[PDB]
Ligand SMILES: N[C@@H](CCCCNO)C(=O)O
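A single chain comes next, written as structure tokens; it is the form deposited without N~6~-hydroxy-L-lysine.
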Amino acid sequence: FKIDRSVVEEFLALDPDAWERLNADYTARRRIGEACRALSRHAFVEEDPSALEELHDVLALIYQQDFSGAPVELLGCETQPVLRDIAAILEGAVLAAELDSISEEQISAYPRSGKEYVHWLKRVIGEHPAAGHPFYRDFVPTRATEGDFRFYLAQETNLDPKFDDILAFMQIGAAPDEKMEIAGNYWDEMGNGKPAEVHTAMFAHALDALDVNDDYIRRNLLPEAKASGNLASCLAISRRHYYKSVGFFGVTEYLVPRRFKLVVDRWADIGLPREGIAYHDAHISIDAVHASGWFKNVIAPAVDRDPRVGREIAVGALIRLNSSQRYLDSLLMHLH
């Protein structure tokens, strides 16, 4: 038995009683799981490109269930026993591959107090090539066209359109000072109560301005863009990945202002309609404040409360930097 996206699409078409029958059959469930381990070996041991993309298509389908409002026809379907087993196996493989690129020395050299840890992490981030990647630093200001921006935006639907729920997942069970800061960030994502300022709505207008429609996305989303979006989902939805998540989305806010300023300046230079980039324009100043509060009010208190979590936050940071590097190199490659 083999597992792929269409197989999981078929599961998701089952009726509630068919789901109850599948859930009761630990023989069909063992087979599903062994099929997942086989797909994982192909993707990461053999590094078969089509298997890796199939694995991320499967994860993306599952996370779509975790993050999306359920449709009426599905409300009775108990999908957790099977879909969580699939996710745990493929996730476990995605994350072991990320950690194979991370050395013990990178994540153990840190000062064991909050304010000091922040200086260290910013230096560590600044040393990584993704922090000044040529896609933003060289390609965008000198070459990017409408069609380049359209292709680029298609890749970015993996992350920005779900920041609000990533934050809502992350703050579950968080210590009070960390929860307060994440809460305020979430409330900003929701326009501080004003629908016209909701960040995902403003991001949808950028997609509108360039016709980044659902066919274009599905046809053009790169495998590294899928992995990026799946990594963010994976880390946000498990409580045990919280500290990795703190590092991952901490790096995310920190890099936005430099990246978006290069994007908006070129967008104007090539005459594109400026209300199209209200999202990126706004985030230049918003995420300067988000990044500052994230370091000072999430990362520093976590390290001060238990310095052992500094290692988890560093891992999460490096997972974001490495995956962003692979995604940006792949993007720049396709754009040349």
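Just count from 1 along the sequence shown to find any residue number.
The same protein has a further form, the form deposited with N~6~-hydroxy-L-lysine bound, not shown here; the description that follows concerns it.
Look at 97-105, 207-215, 77-85, 255-263: in the deposited bound form, residues with non-hydrogen atoms within 4.5 angstroms of N~6~-hydroxy-L-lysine sit in 255-263. The single contact residue among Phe163, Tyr243, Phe169, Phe139, judged by any heavy atom lying within 4.5 Å of N~6~-hydroxy-L-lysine in the deposited bound form, is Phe163.
Out of the listed residues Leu159, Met202, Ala174, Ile237, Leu159 is the one that sits within 4.5 Å of N~6~-hydroxy-L-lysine in the deposited bound form by at least one heavy atom. In the deposited bound form, N~6~-hydroxy-L-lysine sits within 4.5 Å of a heavy atom of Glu189. Looking at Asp287, you'd find a heavy atom of it within 4.5 angstroms of N~6~-hydroxy-L-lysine in the deposited bound form. Using a 4.5 Å cutoff between non-hydrogen atoms, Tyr279 counts as a contact of N~6~-hydroxy-L-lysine in the deposited bound form. Remark: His56 does not count among the residues lining N~6~-hydroxy-L-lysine in the deposited bound form, judged by a heavy atom distance of 4.5 Å or less.
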